[PDB]
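Asks: Quick one: experimental structure and sequence below.
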Amino acid sequence: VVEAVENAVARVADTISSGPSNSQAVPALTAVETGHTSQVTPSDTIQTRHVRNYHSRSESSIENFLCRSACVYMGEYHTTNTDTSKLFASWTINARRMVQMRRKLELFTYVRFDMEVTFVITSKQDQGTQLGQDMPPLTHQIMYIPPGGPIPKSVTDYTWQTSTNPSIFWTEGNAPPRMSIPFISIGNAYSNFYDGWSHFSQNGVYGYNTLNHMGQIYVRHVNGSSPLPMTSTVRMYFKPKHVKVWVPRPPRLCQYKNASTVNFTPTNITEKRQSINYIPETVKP
Amino acid sequence: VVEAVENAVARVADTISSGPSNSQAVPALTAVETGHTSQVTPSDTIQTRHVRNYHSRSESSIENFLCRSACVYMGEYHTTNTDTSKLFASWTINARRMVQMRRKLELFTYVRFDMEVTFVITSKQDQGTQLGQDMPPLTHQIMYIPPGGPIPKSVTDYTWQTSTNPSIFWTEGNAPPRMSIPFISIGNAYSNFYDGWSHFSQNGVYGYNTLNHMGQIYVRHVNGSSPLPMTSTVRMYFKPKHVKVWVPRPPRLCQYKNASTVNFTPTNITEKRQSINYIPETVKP
Amino acid sequence: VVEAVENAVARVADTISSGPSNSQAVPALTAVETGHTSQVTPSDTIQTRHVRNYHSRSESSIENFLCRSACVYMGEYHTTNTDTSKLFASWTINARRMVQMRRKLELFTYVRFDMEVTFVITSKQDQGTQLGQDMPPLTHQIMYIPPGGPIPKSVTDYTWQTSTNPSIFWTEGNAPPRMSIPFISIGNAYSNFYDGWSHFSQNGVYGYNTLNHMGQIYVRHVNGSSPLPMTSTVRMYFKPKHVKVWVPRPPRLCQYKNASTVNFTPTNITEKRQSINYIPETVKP
Amino acid sequence: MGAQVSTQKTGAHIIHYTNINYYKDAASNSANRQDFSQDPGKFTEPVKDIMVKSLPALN
Amino acid sequence: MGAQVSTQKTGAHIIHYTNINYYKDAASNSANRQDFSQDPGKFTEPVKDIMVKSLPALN
Amino acid sequence: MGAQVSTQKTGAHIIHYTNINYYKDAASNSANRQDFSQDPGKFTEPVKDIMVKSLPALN
Amino acid sequence: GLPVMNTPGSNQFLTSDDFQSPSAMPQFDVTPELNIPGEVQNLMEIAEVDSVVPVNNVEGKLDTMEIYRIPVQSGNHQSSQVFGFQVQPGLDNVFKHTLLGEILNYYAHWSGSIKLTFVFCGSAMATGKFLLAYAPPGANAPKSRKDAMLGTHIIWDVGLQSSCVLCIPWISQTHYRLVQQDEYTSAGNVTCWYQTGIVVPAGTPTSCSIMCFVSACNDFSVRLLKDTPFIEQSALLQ
Amino acid sequence: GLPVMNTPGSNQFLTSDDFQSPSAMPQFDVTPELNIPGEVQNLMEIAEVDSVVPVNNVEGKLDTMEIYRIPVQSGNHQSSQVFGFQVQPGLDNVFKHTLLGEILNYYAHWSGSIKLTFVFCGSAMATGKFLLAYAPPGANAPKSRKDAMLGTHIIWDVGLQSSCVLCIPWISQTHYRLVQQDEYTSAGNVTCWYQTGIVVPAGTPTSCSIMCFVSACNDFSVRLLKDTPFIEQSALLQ
Amino acid sequence: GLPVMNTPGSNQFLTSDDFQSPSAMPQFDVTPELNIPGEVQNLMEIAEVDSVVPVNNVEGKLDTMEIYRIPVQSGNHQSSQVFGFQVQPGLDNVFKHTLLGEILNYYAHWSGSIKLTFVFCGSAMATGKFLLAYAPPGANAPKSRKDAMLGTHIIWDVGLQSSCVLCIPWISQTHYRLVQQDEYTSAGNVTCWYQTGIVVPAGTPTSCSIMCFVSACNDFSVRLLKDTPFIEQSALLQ
Amino acid sequence: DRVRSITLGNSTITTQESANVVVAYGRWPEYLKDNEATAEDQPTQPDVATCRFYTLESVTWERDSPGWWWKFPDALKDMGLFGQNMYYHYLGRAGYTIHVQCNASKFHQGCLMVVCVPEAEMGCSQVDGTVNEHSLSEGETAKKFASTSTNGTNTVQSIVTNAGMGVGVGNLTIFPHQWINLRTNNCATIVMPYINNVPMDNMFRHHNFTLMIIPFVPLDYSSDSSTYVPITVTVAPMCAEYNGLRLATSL
C-alpha cells in the first residue's frame, strides 16, 4: 500500500496594475486610535505594474523557526578525586541557562511540543608530571530521575540499578546518543511566564520555578578505574518538534541576570546619531 | 491512509540524425552584439547519428548543490583562568569567516532557506607538570540571544536562566547536538551584497553589516569545577534546505581579506604559457 | 494528500526440471573467439529438480554498493605556534588519498552523483611540563573556496568574512556537522581516468589533474586563545547518492604510489602452490 | 506497507519522496516542516466593526 | 496515517520509499532533493524580438 | 501533504513506511535504495548476429 | 544479512537534521489539547503589526519617552527639515529594535514593501500640511523641498482623520537584499518637510509632536536563518 | 517498551545526511514570498551563458585587456598559425576561470558538447576568411593547414554577420571524462589558420583582433560534487 | 512548543545511515545528462563476464603468461592427471584475482552456480577427448580416472567447435556459503583426465595448451558488504 | 529590422543601426500589486513628468581608455521632477530604459561592452579601510576605471581587469548586457525592471544598479580620419511610484 499526501505551497500576494485616480476614496487616511493596522498596498498610493510573485514564506513558519538543536547545559565530572561529589554530574532540567534558545522561546507565552535530545561527551587527561599509559575505552551512564525518585549519593550507590528509571549507556568513539521525549506537563501547555505565587497567602516562591518540576539528570563513569585521573565534560542539546505556540510577546531587550527571575538592569532604547536629520553621504568622487 | 507522490525524472536532450545539406539556412552565422547566446547543436554543423541520451542533471540543481554541512565558526573556552572572559565563548552569527561556504553562497545575490545547525564540541587537558585525576563527564550549555536581549558578564551570571532564550544542554560522549531554524529575516529574502549605507546622509556603515543583525551565540561549561584546568573547542556547522536563489553573479576571483568588506588585492586573470600556439606533445615513442 | 509508490522486487531465476536427452542439440559446445559468453544453466547439462528461488540481488546494485561514508582526508592544526602557517589547515578536494574508497570508485570510467559530507573534529592538549587550567568550549570554522577566490594568509585575515563562500561554524560536544553537495562539474559526468594532456602540443600535465579543479577547504580555530597550546585534527567523510556509472574496468591489482598518477611497481598475478595437481587432504582419521 | 509519498520542496519559474514510520509512538516521528497556514487578521484587525480601507475610519 | 510513498533514484538502460512527518513545523522536514525544473532562456535568450537560428541575426 | 507511502524490505517464504521531503533542492533527498534493474546482455552478448545456444556457434 | 555499504556522513551530528529516534517513555498518554486564544502559525504575522519607531535618537534622550516624538511648531520654518533617515530595516539604529527589525535580525535576506504610518498629536485647533518623500538609491539625500518633491511622495493634510500612510514600494535590482546592508544593496532614504506650516489660534500651545509606526506589507518575506547579535552571556547560569 | 536493536552507523555525524530535526522556534511566522526577477533552478543554466576566453595568456599580459584579443593582420602570413589550445574545460589555463570552467571545478565528472563563438572586431572595409579545426585525440597537433583540414572544421567568411560558431561534439569512448583530465580521458585540440588572408583598402588600420566566447550545449551535464581548489585561507576571519 | 523526548541513538554518526541534509548550494543548476554507452546497474552484471583463470600458479611462473596455459601432449599419458583444484571462488589462489573473485571479496556470503569454459589451442590437425569432473564434499579428491568418473562430469570432444562448458551446480546444505570458506561450507573439487589421448600427424608440434575461463550463472547472488583485503597503505598521499 | 523608435512621455529616440533590445530577465517593469505591498498610504504616480528620457553628459573615447561607470539612482537626483519627487518622499520604486549611443565611420574600429550590474558593492584601494560615497559616484559625471593597481587613501581599487569587485571582467556577461561593435551597430538598449529584496526602498541610501561601459578592443584609426569620438548615455524611468511624503531632505 502507498498513500499520496498533498502539500499546498503558500506564496505571497501578487501586485496588480493600477492607474491614475481622482475620487473620494481615501485609502491612505486612517486612525491608529482604533488599535487597527492599515492594510494598504503600494497599488493604493502610486501607479504600479503587474508582477507575478513566486516568493514563499516557508522558512518563517514556527516549526522551521524552532526545529534546530541548541545547547542547554554543560557539566564536568571526574574519575578520581577526594570529594566523591565531583565523581558524577547532576542538574535540574530546564531551558533557562543558555541565552540564545531561551530568548528564542520567550517570544511566546505558552508552548507545546515533543523534544529530541542529544548528548555530546568528551574526555581529557588531567595534568600530571608522569604521563604514559594505555587506557581501555570509557563507558558513561546517563540516568533521568522524575520528581520523587531516590537520589544517588555516590558513584557506587544502589540507585544506579535503574530498574524503572530510563538510562543510556554509551562508549566513546561512537555516534552521539539521542532519544525523543513526549509533551510531559500536568497542564495543557508549557508556561514561559507566570505572574503568581506558590502559596495561597500571596507569598513564597514567585514566577517560573513554581510550575516546571520536571526531574533531574545524573551522569557518571562506569569503569571505576584510572589510577591516573581523567575529566569528562557532557553537553546537552534540545530540539523541539510538533510545535504549537500562543500569545506572542515583545522580544527581550535587556540582558539576562540569572536563571530564576526576569531581573534586569535598565538599558537604552538604541544608540545615538548626530541629529534628527543626519544622513551619511555615499556618492562622492 | 497512503498518498502516492510522483517524481518527474529530467534527462538531457537526444541528438537527432542529420545528413548533407546545401541551402540558404545559415545556423552557424550569428551576432553576439545582441546579447543573445546561440542555440546551435552538433547536428546543425556536421553529420550525426541518432543517440538516446539517458544522462540526468540531478546533482547540479540548487538544492543538491547547497544542501551539505559546512563549518562556519570555531572557538575556545576554559574551565579555570584569571581573566573571567575566557571562561565562555561568544560570537555574532554570520557565514563570512570560512571561505568555502561563503564563496559558494556568493554565486547569487539573494537567497532564502531554512537551516539545520549542528555543533561539534571537544575537550582536552591543559599542560601541567602534575597529572592524574579522574573527572566526571562534562556538560556544556549553548544559548542563542536575539538582538536586544541581555548579555552575560560571567559564567555565573543570572542570564543563563534562559527563561525565554532557547538553549541546548549537552554532555560529552553522545551524538552531536542538532536543531533546525526557519527563515528569519525582516526582508523577503537574504541579501549577500548591499551597495548602500546605513544613514540617509550617504555615510556611516557601508555594505553587508547594515542588514544582517541576527543575534549572538554564547557557550559555557556547566560543571564549574576542575582544579586542574581544561580547554574546550566548539565548532558550528550550517546546512541550508528548502532553498531559493536569485540573480547569479560571477564567482570570486581574488582572495578574501576580512569578514566585513569585499576588499581585495589585484590578481591576474590566469597563469601563462609559452606562446599563443603552444601545444604539449604527448605521442612520442 | 498521500501518494502510493510501488516497489518492484527483483529475484533470481528459478531452475526448471529436466530429464534425459539424446539429440543433436549441443548446448555445451561453444566458441569463445566470438567475444560472447555462454548462457548455459545446470538444467542444460544434468538432470535437475524444480526449485523456487527467493534470493534477491538487492545489496549488489550500484547505489547500495557505493552509498556508505568513507574517510578521504585527515589534517592537523594548532592554536599557538611560531609558524603562522600551522594555525590553519587547507587542502585541495579530491578522493585519491585514501586507497579504499578510491579503489572502489575506479571500477568504472565515469561517475555522476550528489554527495553528503560529514566532518569529525577532535582536540587534545600539547605536552607541557605545567598542566592545569579550565578552558571554555572551542569553536571551529570550515570554509570552502571555489577556484578563483582569495586565499587566507593567516588566522586573522579578512577573507574569513565568508560573505559569499559557504562556511560552517561548530563547537565541540555536539553532533558532527553535515551538508549535501550537488553534482558540480563542467562536464556531463565525472572522469576517473584521462588519457590526455593539458596543452594542445601534447605536453604539459598528463592524466587526472587536468580535469578536476574543484576548489579548496580551509579550517581554523575561532577562539584565538589558549596560552597553553592545543592541537586539533579534522577528518572528512564522503557519501555518494543518486548515482550513475559507466564503462566498467578491471580492478586495481598493484598498490598505489601517489595521488597524481597511476604509477605502479610490477606485481605477480597470484601466489604459488606445489604443483598443478595439488590437493589438500581434509578427510583423515 | 504503510508508505507515504509526498512532493519535495523545489523552485519555480522524480520530485516526490517516500517515508515509512518505524516506531509505535508518534513522538518518534520527524518534524512537520511542510505546513504553511496563516491568519494575520487575529493580530492586525482585532476590531468589532469592520473597516473597509477605502472609507474614512471615523465619522 | 499521513504516509507519503514515492519513487527512488535508480539507473536506466521495491523502488519506492515511505516517509512520515513527525513535527508540527515545516522547517523540520527534510530537504526537497527530487525537484528538477529548468528555464535557461531567462539568461541565454533575453531579447525582445525572437531569433529563429536558421535565419540571419540582422538585415 | 505531499507524503509518499511505500513498501518496506521484508523476507519471503504494517509493512509500509512514510516519507516527507523538507528541502527545496533534490540533492537534499535521501538515497534511492529500492531500484533494482538489470541489463547484462550489454556486456555478455555484444554480438551482431544472434546465437541460439542450442545450435553450433559456427558452420 | 543484507549486504550494505556506508557513505560519507555516517555517525555525524548535524544540528538541522530530520530523523526518527526511539522514545524513552513508551505509550505515554499526553494531556488533551486546549483551545487557547491567540495561536501563532508564522513569524510574518508578528512583523505585520505596527510598532513605534524611535526617530529622535540623539544624545541625552536614549532612556526617555522623548526618543519617540518628532517636534514641529508654528511660524516660518519652511527652510528647516523635519526628519530624515535611511531605509535599512535591520541595520539602522532607527529600525533595529522594533518588532519588524527584531524579526529580521534572525534572518539574512529580506524582500517586500514597508508601511510607515504618521500620527499628529497636537490640539484640535491646529492646522498644517506636510510632505513625506522617499528617494531611491543612486544620489545623495535631498537638501531642500524642491529636490525631495521629485521622488515618491505624499502630501498629508491634518484633519479629522489623524493618520497618514507612506508606503515604500519594493524597487530593487535583486530579488532579495541583505539584512546586513552594504552599499551594493542600499535602499534609499526618507525625508519630511513643511508643505505649508502650522497655524493655531490664541490660547493653544505652539509646539506639537508627531509619531511614526512601522510595519510590513502582504508581499514581505525573509530567508536564511541565523543567530541574532543582540543577546550574549559570559558564563552559564544567565 | 518495543524491543529494538541498534545497527552500525548509530550516533555518527555524516555531513550529507537527510533527516528531520526539532525546531528551536515553534510556530514562527515567516515573511511572505516576493516574486523577484531572475530565479535560478539549476547550475547548468549558468554554464550555458557565453563568457570571454583569455586565449592570449603569455608573459607580460596577465593583468591587461590584451589577454583577451587574438591578433591578425594583412599581408602574406599563410604559413603562420593563428591560435591553438587543448580541450580541457576545467584544467587548461585557457578555460579554467571562465563561467563554464568555474562551474566544472566544483565537480569531478563532465559530459557533453561545447560551443565556441568567434567575433571579428576589425573595420567594416576589411575582408578575410579563416579555417577553424578540431582534431580528436590519438595524434600530435597539426603543424600546417593541410594537416588541420582533415579533422572537424568550418570555414568562416567575414561579412555583415560578425560571428561564427564552431561546435565541438562529444566524441569519447567513455560516458564521462574527468574534470582533472589525464592522458586516458584526453579530448583533443583546436587550431586556427588563414584560409585566404586579410585585405583592406587605403586609409584603414592594418592590424585587427578576434575574440572567442565559450559555452555549453543542451546535452551537457556534470556529477560527483567536490570542493574547489581556487579559494583558501590561512586563519579564521577571512 | 511541542513536547518531545529523545531516544538512544541521538547525535551519533552511523556511516550507513540514510537521512536528509541541507544543501550548501541552493538552487544550483546541474549539467544536463548525456547518454553515454555502457551503463552499469548491478555488480552482478560484471561477474557474469568470462575472465581467464591462472591455473598454472607454480613457482617460477607467477609473472609470465605461462601462468595461464595448461599443458597437454601426445603419447601414452593416461595415468597422469591434467589439472585439479578446489572450488573456493573467493579464497583459493586460483580464483581470487579474477573478475568473479574480485567482486566476491567485497562481500561475505555467496550463492549460485558457476560456469567453467575450456578452450583447446592446438593445431587444426590434432585430435583428442578429455574428461572434466566435479566431486562434492565428503571424500578426498580422486586419484584416478575411475574414481573421478563417479561424480558430475562431461566428456569433451575436440573439433570444429573449440570450447566446452562444465557447469558446477549449487549443491549445498545451506542457502549461502562464506566467501572466507571453512571446512563446514566446503564445496568440492574439479579434476581433468585423458579420456583417449592426443593424436597428431607428422609435421605438427606435439605439445599443446588449454585455457580456462570462469563466470557466474543467472541464479547467482551475494550479500553482507565488507572491506576488501587486497588494497592497503601505510600513510596518506597514496 | 535595424530601425527602431522609442517614445516615452514627451521624448522620442530614433535609431537606424540597432541590434535588438535586451529585456533583463524576461520581465518588463510594472506597478506594485496589492498582495505584495506593505506600506499603507496611497502612493503618487506622476506618469509623464517623471517617465521620460534624461540625457547625461558625454565622455571621450580615446585610444587608451579603461572604461567608465555610473550609479543608479543618484545620477538622476537633479533631473527635473524625478529628482524633486525623490527629495520629498521616503520610499520610491522604478524601472528603467537605458540607451547608449556611439557612432563612427566605416574606417574606424573598436568594441565596447555595456552592462548593468545589480548591487555592485566595491572595495577600497587600502585593504584595511572603508570606502566613501564621493569615490563611488559623482552624479551625472562618470567615474573612471584605471590602468594599473591604484594606491593612496579613500580611492576605489579600480584596475579594469577586476572590475573593482574581485572578479574576472570576462565573466560580466552573466548580467544583462550588449555590445557596440563599430562595424556592426551604433547603439545599445537595455530594459531593466525593479530588482531588490524588498518591495520599495529609499533612493538616497541604496544604489540599485551600476552601469559599466568597458572597451575590449581599443579605438583605432588612420591618417586623417576623425579623432574625436564621443559616447552618450540616456536613461528613462518607468512605472515610478513614491510613498511617505514629508519635508525635503538635504544632503
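Replies: Structure's in. What do you need? Residues are numbered from 1 along each chain as shown, chains lettered A, B, ... in the order given.
Asks: ok, and the residue most central in space within chain D, which helix or strand is that part of?
Replies: Here the mean C-alpha position of chain D is nearest to the C-alpha of residue D:36 (CA atoms, centre = their mean), at a distance of 1.9 Å. Using DSSP states H and E, residue D:36 maps to neither a helix nor a strand.
Asks: next one: residue A:219
Replies: strand A:216-221.
Asks: Same check on residue J:113?
Replies: In the assignment (DSSP H and E), residue J:113 maps to strand J:109-118.
Asks: Going by contacts, tell me the helices and strands next to that strand.
Replies: Based on contacts counted as 3 or more CB pairs under 8 Å, 6 or more residues apart in numbering or on different chains; DSSP states H and E, the elements that strand J:109-118 packs against are strand J:91-101, strand J:177-181, strand J:187-192, strand J:209-220. Yep, even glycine has a C-beta here, placed from its N, CA and C like the rest.
Asks: Please identify the most buried of those strands.
Replies: Ranked by mean neighbour count under mean count of other CB atoms under 10 Å in any protein chain shown, these are led by strand J:91-101, which reaches a mean of 28.
Asks: I'd like to know if stretch A:127-141 reaches chain B anywhere along the stretch.
Replies: Yes - between stretch A:127-141 and chain B, judged by CB under 8 Å from any CB of the partner chain, the touching residues are A:127, A:128, A:129, A:130, A:131, A:138, A:140.
Asks: mind listing what's buried in that stretch?
Replies: Going by neighbour count (16 or more other CB atoms under 10 Å in any protein chain shown), the buried part of stretch A:127-141 is A:127, A:128, A:138, A:140, A:141.
Asks: Only C-alpha atoms, please: export that stretch in PDB.
Replies: What follows is the C-alpha trace of stretch A:127-141 in PDB, where atoms were taken according to Å, rounded to 0.1, in the frame of the first residue of the first chain:
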ATOM      1  CA  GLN A 127      47.800  17.400  34.000                       C
ATOM      2  CA  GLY A 128      50.300  15.200  35.800                       C
ATOM      3  CA  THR A 129      54.100  15.100  35.900                       C
ATOM      4  CA  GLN A 130      54.400  11.500  34.800                       C
ATOM      5  CA  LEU A 131      52.400  10.500  31.700                       C
ATOM      6  CA  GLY A 132      52.200   7.400  29.600                       C
ATOM      7  CA  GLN A 133      49.600   4.600  30.000                       C
ATOM      8  CA  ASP A 134      47.100   2.800  27.700                       C
ATOM      9  CA  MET A 135      43.600   3.100  28.800                       C
ATOM     10  CA  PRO A 136      40.600   1.000  27.500                       C
ATOM     11  CA  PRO A 137      37.500   2.700  26.100                       C
ATOM     12  CA  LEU A 138      35.500   4.600  28.600                       C
ATOM     13  CA  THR A 139      31.800   4.000  29.200                       C
ATOM     14  CA  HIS A 140      29.300   6.500  30.600                       C
ATOM     15  CA  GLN A 141      25.900   6.200  32.100                       C
END
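Asks: any idea how far the residue lying closest to residue A:59 once chain neighbours are set aside is from residue J:215?
Replies: Closest residue in space to residue A:59, ignoring its immediate chain neighbours: residue B:183 at 2.1 Å, by CB to CB, 6 or more residues apart in numbering or on different chains. Here the criterion is CB to CB, to the nearest Å. By it, residue B:183 lies 43 Å from residue J:215.
Asks: ok, now residue G:82?
Replies: 47 Å.
Asks: The strand holding residue A:219: what's the following helix or strand?
Replies: Sequence-wise, the next helix or strand beyond strand A:216-221 is strand A:230-248, with elements assigned using DSSP H and E.
Asks: Paired strands for that next one, with orientation please.
Replies: In the sheet containing strand A:230-248, its partner strands are strand A:70-78 (antiparallel), strand A:108-125 (antiparallel), strand G:39-40 (antiparallel), by DSSP bridges.
Asks: Now that strand: buried residues?
Replies: A:230-246, A:248.
Asks: got it, and stretch A:16-28?
Replies: Of all the residues in stretch A:16-28, those buried under the rule 16+ other CB under 10 Å are A:16, A:18, A:26, A:27, A:28.
Asks: now, the most widely separated pair of these?
Replies: Farthest pair in the buried residues of stretch A:16-28 (CB to CB) is A:16 and A:26. Separation: 19.3 Å.
Asks: Give me the residue at the spatial middle of the chain.
Replies: Went with chain A since none was named. The centre of chain A sits closest to residue A:101, judged by CA atoms, centre = their mean, with a distance of 3.1 Å.
Asks: wait, chain J
Replies: Most central residue of chain J, judged by C-alpha distance to the mean C-alpha position with CA atoms, centre = their mean, is residue J:211 at 3.5 Å.
Asks: Spell out which parts of chain D neighbour chain A.
Replies: Contact residues of chain D with respect to chain A, defined by CB under 8 Å from any CB, are listed as D:1-7, D:9, D:12-13, D:25-38, D:43-47, D:51, D:53-58.
Asks: where along the chain do the helices fall?
Replies: Going with chain A. In chain A, the helices defined using DSSP state H lie at A:62-66, A:99-105.
Asks: look at chain J instead
Replies: Counting by DSSP H, residue ranges of the helices within chain J are J:80-87, J:133-136.
Asks: would JSON lines of those helices with distance to residue C:38 be doable?
Replies: As requested, the helices of chain J are exported to JSON lines (distance: least, CB to CB, whole Å):
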{"stretch": "helix J:80-87", "distance to residue C:38": "84"}
{"stretch": "helix J:133-136", "distance to residue C:38": "77"}
